[PDB]
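Each chain, written out:
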2 protein chains.
Amino acid sequence: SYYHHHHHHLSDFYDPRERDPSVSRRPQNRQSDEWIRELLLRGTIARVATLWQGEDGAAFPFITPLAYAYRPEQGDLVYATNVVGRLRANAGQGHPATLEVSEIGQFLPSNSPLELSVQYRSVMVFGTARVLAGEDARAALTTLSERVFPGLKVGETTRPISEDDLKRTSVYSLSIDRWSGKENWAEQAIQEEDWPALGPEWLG
Amino acid sequence: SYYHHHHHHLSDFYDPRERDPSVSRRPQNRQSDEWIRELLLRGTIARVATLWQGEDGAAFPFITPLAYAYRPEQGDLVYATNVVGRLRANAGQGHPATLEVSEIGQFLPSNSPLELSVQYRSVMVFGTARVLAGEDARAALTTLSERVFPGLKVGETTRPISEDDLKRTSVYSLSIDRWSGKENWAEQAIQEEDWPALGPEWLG
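- What the deposited record gives as its method is X-ray crystallography, and the resolution it gives is 1.90 Å.

This is the structure we're talking about:
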């Protein structure tokens, strides 16, 4: 019978592999805090998401790519942006903020469609951002500027940061609560042995 | 008197310039819809921000970098990610989503500290994302995959997308409501004529 026939017609996990005993055993691609710190110190572009009140009166996120600097001692990150919405969806002089920094490598081809991927390292940072004023703002802008242009010195390379400058710039400190680090940086995607192998134009 | 003395001690805007009559007159670096479409068609990485319920019971955004494809006819963008939080801060079978795509160029040095900058093109997309099922999910994954790996064909280059595959993947359609395009892509930052000029190690 068809029913029976069809019913009848309808593991590398447990088999030998090599493993480097130094490699992180953390699940879901998770990384250490030290790894996260290191990634943050070497990045220069971040995306910040903050929440703004919309037409329907519901909160919705913006995402703004911007220059940033991580200040480990202070326990914050600083950035400047004049981007805003109408009213923040927030009760306070500060507002919750998520900051993302990543290193995006190569797309990784496969003859298996769900193993298709991209190399990445990515950190989400959760905290509260506040706007800075006066010397607080000047120093944070200085640190920012000198971080993202190595060798530049404010007051030598550039004219000093003036009171007009400060008046015209919104500079923020994002005080860190929590963070979360992820890495998926294989040399090659997992392939399917039982489908024809990717040709030379792929992995060559 | 000091008071008086200090009181006494305490424009290129309106003067001649050249202008290309073809250049956009839109304020705040804003771009056309056609420009936006074009940027979206050529990008392959996006950041998506969606809202999740936190410990204090307040909504907070995630930001996830991911592969995407824009489908102009359908009026959506598609992506796959298994990233989640606990509960979405959302009433529905779909959830509000902001999607960002950018092209980040070079940092642009200046001898004026507030003219320091980076070349950028950036689009924010606002809409509602929904999870796809069955052939809907297979087709969207296919389009995604073949977009981000030009020349790849699902079912030839790769084995077909199976029912197990679909079971294990969350594939979304972000139906577009509104979008917003920005460009700041100068060849050189504005400099201060009255401070020493940046040396050769900067602009050379």
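## Structural notes on the overall build of chain A
Thinking step 1. Helix and strand counts for chain A stand at five helices and six strands.
Thinking step 2. For chain A, the C-alpha radius of gyration of 24 Å lies well beyond 17 Å, the compact-globule estimate for 204 residues.
Thinking step 3. Dimensions of chain A, computed from the C-alpha atoms along their principal axes, are close to 85 × 45 × 35 Å.
Thinking step 4. Across the 204 residues in chain A, those meeting the buried criterion constitute 41%.
Thinking step 5. Side-chain charges in chain A split into 21 positive and 28 negative, and the spacing between the mean points of these groups amounts to 9 Å.

## Some thoughts on the relation of the copies chain B and chain A
Thinking step 1. When chain B is fitted onto chain A, the two copies agree to an RMSD of 0.0 Å after a turn of 180° and an axial shift of 0.0 Å. Within this description, the copies of the chain are treated as partners about a two-fold rotation axis. Minimal C-alpha distance to the rotation axis in chain B is attained by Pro61(B), lying at 3.3 Å.
Thinking step 2. Mapped onto chain A, 100% of the interface residues of chain B again fall at the interface, so both copies present the same surface.

## What about the packing of aromatic side chains?
The geometry of two aromatic rings is summed up by the distance between their centres and the angle between their planes.
Thinking step 1. Within this structure, the stated rule accounts for 16 aromatic pairs over all chains.
Thinking step 2. Ring geometry for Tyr70(B) and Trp179(B): centres 6.1 Å apart, planes at 70°, overall edge-to-face. Residue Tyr70(B) is located in strand β2 (residues 59-71), and its partner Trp179(B) is located in strand β6 (residues 171-184); the two are separated by 109 residues in the primary sequence.
Thinking step 3. Among the aromatic residues, ring-to-ring pairing joins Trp52(A), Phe60(A), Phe62(A) and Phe126(B) into one connected group.

## Observations regarding helix α2 (residues 33-42) of chain A
Thinking step 1. All buried positions along α2(A) are accounted for by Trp35(A), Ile36(A), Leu39(A) and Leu40(A). Along α2(A), the residues classed as buried sweep out an arc of 135° about the axis, all on the same side.

## Quick look at the sheet that holds strand β3 (residues 76-80) of chain B
Residue and element names in this part refer to chain B.
Thinking step 1. Read around the barrel, six strands follow the order β1-β2-β3-β6-β5-β4 and close on themselves; strand pairing throughout is antiparallel. Strand-to-strand twist in this sheet, taken as the mean axis angle between neighbours without regard to direction, amounts to 40°.
Thinking step 2. Looking at chain direction, strand β1 (residues 45-53) and β2 are connected through nine bridges and run antiparallel. Across the sheet, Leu-51 pairs through a bridge with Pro-61, a residue of β2.
Thinking step 3. Here helix α3 (residues 134-148) sits on the sheet in contact with β2, β3 and β6, set at roughly 75° to β2.

## Quick word on the environment of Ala58(B)
Residue and element names in this part refer to chain B.
Thinking step 1. Position of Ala-58 among the secondary structure elements: in the loop between β1 and β2.
Thinking step 2. Exposure remark for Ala-58: the relative accessible area of 34% places this residue in the partly exposed category.
Thinking step 3. Separated by 109 residues in sequence, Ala-58 and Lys-167 place their C-alpha atoms 31 Å apart.
Thinking step 4. Sequence-distant contacts of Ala-58, defined by excluding residues within four places in its chain, comprise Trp-52 and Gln-53.

## Some remarks on the pairing of strand β5 (residues 117-131) of chain B
Residues and elements named next belong to chain B.
Thinking step 1. β5 sits mainly inside the fold: eleven of its 15 residues count as buried.
Thinking step 2. Of the pairings in the sheet, the one linking strand β4 (residues 94-108) to β5 comprises 13 bridges and is antiparallel in character. Among the inter-strand pairings, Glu-103 is bridged to a residue of β5, identified as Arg-121.
Thinking step 3. Summarising the sheet, β5 and β6 pair through twelve bridges and their orientation is antiparallel. Looking at the pairing, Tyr-120 lines up with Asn-184 of β6.

## A look at the environment of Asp76(B)
Residues and elements named next belong to chain B.
Thinking step 1. In this structure, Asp-76 sits in strand β3.
Thinking step 2. A relative accessible area of 4% places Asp-76 in the buried class.
Thinking step 3. Taking C-alpha positions, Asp-76 is 5.2 Å from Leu-174, a pair spaced 98 residues apart along the chain.
Thinking step 4. Each residue touching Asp-76, except ones within four places of it in the same chain, is listed here: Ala-69, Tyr-70, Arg-71, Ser-173, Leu-174, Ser-175 and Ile-176.
Thinking step 5. Separated by 2.7 Å, the side chains of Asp-76 and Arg-71 make a polar contact.

About the cut-offs
- Residues numbered from 1 in each chain as written, not as in the entry; some residues may be left out.
- Chains lettered and ligands numbered in written order.
- Heavy atoms only, no water.
- Helix = DSSP H or I, 4+ residues; strand = E, 2+ residues; numbered from the N terminus.
- Rg over C-alpha atoms; globule rule 2.2 N^0.38 Å.
- Buried < 20%, exposed > 50% of the residue type's maximum accessible area, 1.4 Å probe, protein only.
- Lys, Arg positive; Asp, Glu negative; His and termini not counted.
- Charge placed at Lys NZ, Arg CZ, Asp CG, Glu CD.
- Least-squares fit on C-alpha atoms.
- Contact = heavy atoms within 4.5 Å.
- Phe/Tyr/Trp six-rings, centres within 6.5 Å; stacked < 30°, edge-to-face > 60°.
- Arc of directions from axis to C-beta.
- Pairing = 2+ DSSP bridges.
- Axes fitted to C-alpha atoms, helices over the stretch in contact; angles between N-to-C directions.
- Polar contact = N/O pair within 3.5 Å; in protein donor to acceptor, adjacent residues only side chain to side chain.

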